[PDB]
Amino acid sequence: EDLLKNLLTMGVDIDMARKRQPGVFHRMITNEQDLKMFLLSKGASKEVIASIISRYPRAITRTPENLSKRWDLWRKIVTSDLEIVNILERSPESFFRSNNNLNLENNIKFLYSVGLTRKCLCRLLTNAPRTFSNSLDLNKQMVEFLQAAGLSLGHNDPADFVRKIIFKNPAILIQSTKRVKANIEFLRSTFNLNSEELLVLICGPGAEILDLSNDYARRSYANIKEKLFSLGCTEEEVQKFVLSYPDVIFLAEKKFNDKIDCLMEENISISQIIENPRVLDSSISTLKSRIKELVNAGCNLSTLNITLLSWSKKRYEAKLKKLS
């Protein structure tokens, strides 16, 4: 009975919460009060508490003992309470979606047993907290899948391939093996691709490809290929371009296209673009802004070296002064 009333004084969006987990509003006992006091005990602001509960109401069904034990386990990894508060604000579900603190502890044991330093577990928890609410078995599957994948290619010690991929791509343990498998095959098929070049790509620049959603990678590449083809780039040129900087796959089709167009409308050649792929890191606003400034100065951007388009504020702004 007191439930709807407390949620209100707490500042919860009751309508949104009700829609997300209706079953929580049919329980006889709930612990919203204790939770609030618990999170307040740890620095969490009243608004964050309200936002947390709004998004994952089942949070109010946990006891003070479970919460404190779970929190203490996380503090075996993260050094401060404030680091945990921020995590919970970003993702309430990693903390609250399980009550199984034994499983959590076994995850921590298993990850250590995989050879990860405590700083590495910290990186994982901060970047992909969900990793810690996975079942042990699920975290195992991924690690095994990766070992098997590591050696199935030319890798001299798979357990170390695992750690390299995890560092480079913190999100890898919260992807399905199906997804990652597909992304590896996509990479192999689309490009050359001999194992030793596949490894480098995977452990290096092409690491974050691994967590792309099905068919989102294939589709982004297709768009890049089409757009570049329409501009008189050959397939080998396209390939070289993407492999030189696979981050470009991450952009949405329209944004990629728009970004090309915004450059070339100022008479930058497609060649200048694909030979300096980092310019595609800069936002359209930043590109447009700097282009204006440059042309607004003596520059004929047709023959200028455009690498500055992606330099830091400091480095760009300095070169600009000099250009006048």
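From 1 onward, residues are counted along the sequence shown.
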Name the higher of the two by mean Cα B-factor in the PDB entry, 247-255 versus 188-196. 188-196
Assert higher mean C-alpha B factor (154-162 or 102-110, deposited values) equals 154-162
Top Cα B factor in the deposited entry, candidates 41, 283, 276, 267: 267
Among 26, 69, 36, 55, which carries the highest Cα B-factor? 26
Looking at the temperature factor on the CA atom of residue 226, which third of the chain's modelled residues does it land in? lowest
Of the three thirds of Cα B-factor ranks in this chain, residue 208 occupies the highest
Taking the entry's C-alpha B-factors for this chain, is residue 93 in the lowest, middle or highest third? middle
Could you look up the Cα B-factor of residue 272 in the entry and say which third of the chain it sits in: lowest, middle or highest? middle
Tertile call for residue 51 (CA temperature factor, within chain, third-based) is the middle
